[PDB]
């Protein structure tokens, strides 16, 4: 996949490892709720800032998204296809989490961002990281948040992979 590796954005690769349950049947769309980024360098710096914040202040195992999509249309490797960033909630062991760098309550991601996630998901299915019948939700469907943002959420609701049913995941959390 066309991903910018952790080493190419100078991230911290030595993290505590916990594993996603394969194959993955759930994708959670987020936004960072931060300013956007227009260049490779600015997006790299933002991804670094987020990983530093998650590691050192929130004490996550790694950055809290599997992949991050900057306004430049590039995907930056987060916890990746295999590993877990957020140590709480059972659904974080059963979902690939893709966040868009920026805030998308008032505007949509641009054309290269949406193309980028389309290609990323298709590559995940090609590699078997993602089962062919994976479902898509916005983080707001599982957590009290506006993430991924009103406009982006309205976008993903119209994807064939979206689903409004999360009862299995709520139930898994309760159990």
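Residue numbers count along the first chain shown, from 1.
**Student:** Averaged over C-alpha atoms, is the B-factor higher for 52-60 or for 121-129 in this PDB entry?
**Tutor:** On average, C-alpha B-factors are higher across 121-129.
**Student:** Return whichever of 105-113 and 62-70 has the greater mean Cα B factor according to the PDB record.
**Tutor:** Per the PDB record, 105-113.
**Student:** Hey, what third does residue 22 fall into on Cα B-factor, ranked over its chain?
**Tutor:** Residue 22: CA B-factor falls in the highest third of its chain.
**Student:** Sorting the chain's CA B-factors, does residue 152 end up in the lowest, middle or highest third?
**Tutor:** CA B-factor rank for residue 152: lowest third.
**Student:** Taking the C-alpha B-factors as the PDB entry records them, is residue 37 in the lowest, middle or highest third of its chain?
**Tutor:** It belongs to the middle third of the chain when residues are ordered by C-alpha B-factor.
**Student:** Quick check on the deposited entry: does the C-alpha B-factor of residue 143 sit in the lowest, middle or highest third of its chain?
**Tutor:** CA B-factor rank for residue 143: highest third.
**Student:** For residue 100, return the chain-relative third of its C-alpha B-factor as stated in the PDB record: lowest, middle or highest.
**Tutor:** For residue 100, whose C-alpha B-factor we compare with every modelled residue in the chain, the answer is the lowest third.
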